[PDB]
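Here we start with a single chain on its own, the form deposited in one PDB entry, put down as structure tokens.
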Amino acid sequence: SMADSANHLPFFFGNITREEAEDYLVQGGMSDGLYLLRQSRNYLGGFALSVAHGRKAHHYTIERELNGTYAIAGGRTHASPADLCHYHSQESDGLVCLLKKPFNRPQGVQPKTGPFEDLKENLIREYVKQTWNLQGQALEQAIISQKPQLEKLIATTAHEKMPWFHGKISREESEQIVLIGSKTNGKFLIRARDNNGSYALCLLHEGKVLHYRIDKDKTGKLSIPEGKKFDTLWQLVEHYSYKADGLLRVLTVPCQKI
């Protein structure tokens, strides 16, 4: 377990992209064993270790295991990503090199957060208050006592309340609602197709509405066919809002509901 729900290391950048992490490693000299930590953009509660070696960047996913420990795939578990980084500063233990030099956040640069991370604590507070009828200290104690389970639940449901999620509406309703108003390129929504985690991404491109399939594979991972895999729709939306990555264009303005 981390000491707090949020990471606070001086070399943690929050939810920067692979590309932003690489830009920071170049800014820091791309010296062998230069590294930073970012929040995983496709593994819930996960991190990514971005380290320079051979004037190349190497990126490792650090998963949160079921017991609240952290591990790169097939590696020893660690209490926290802080412990993982300090350990890999002493033993390579499978990494391309020893971690030698943390690249720290430049002065006054804060860890990046997404829409979900900015809503998360308040969504959990509202859920415990309304489910259990609690106030003040009692509310605060209840949040803390089940923090890990509450974080998993709010993550799985938070999309329902977000502006781009229109629930169970038809293909036809989606084309109609996307084509209302300014035909801003990248205007988008996500709709449900069934109750079994199948969805569609509806995207405005040169006055035409495209539909991409979003499917839950047998692991519980959401993806567009041949696309990056995510634990949540809010992760998927954050990714395709940064770069097209196979879409005809990047997602921009969420289509307003009615």
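Numbering starts at 1 and follows the sequence shown. Definition used throughout: the rigid core is the maximal C-alpha set that superposes within 1.5 Å between two forms.
Across the two stretches, 184-192 and 137-145, the PDB entry reports the greater mean Cα temperature factor for 137-145. Higher mean CA B-factor, judged across 102-110 and 168-176 from the recorded values: 102-110. Highest C-alpha temperature factor among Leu37, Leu233, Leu34, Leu66, as the PDB entry reports it: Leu66. The entry lists a Cα temperature factor for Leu251 that places it in the lowest third of the chain's modelled residues. Sort the modelled residues of the chain by CA B factor and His53 lands in the middle third.
In this PDB entry, the Cα temperature factor of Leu150 sits in the bottom third of its chain's modelled residues, the lowest group. When the modelled residues of the chain are ordered by their C-alpha B factor, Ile72 lands in the lowest third.
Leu119: CA B factor lies in the highest third for its chain, per the PDB record.
The same protein has a further form, the form deposited in another entry, not shown here; the description that follows concerns it.
For the listed set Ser40, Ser223, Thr232, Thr69, the sole C-alpha moving 2 Å or more between the shown form and the other one on a rigid core superposition is that of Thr69.
Superposition on the rigid core between the shown form and the other one places the CA atom of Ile180 less than 2 Å from its counterpart. Taking 2 Å as the criterion, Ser170 does not count as shifted between the shown form and the other one: its C-alpha moves by less than this amount when the rigid core is aligned.
The two forms, fitted on the rigid core, differ between the shown form and the other one by less than 2 Å at the CA of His159.
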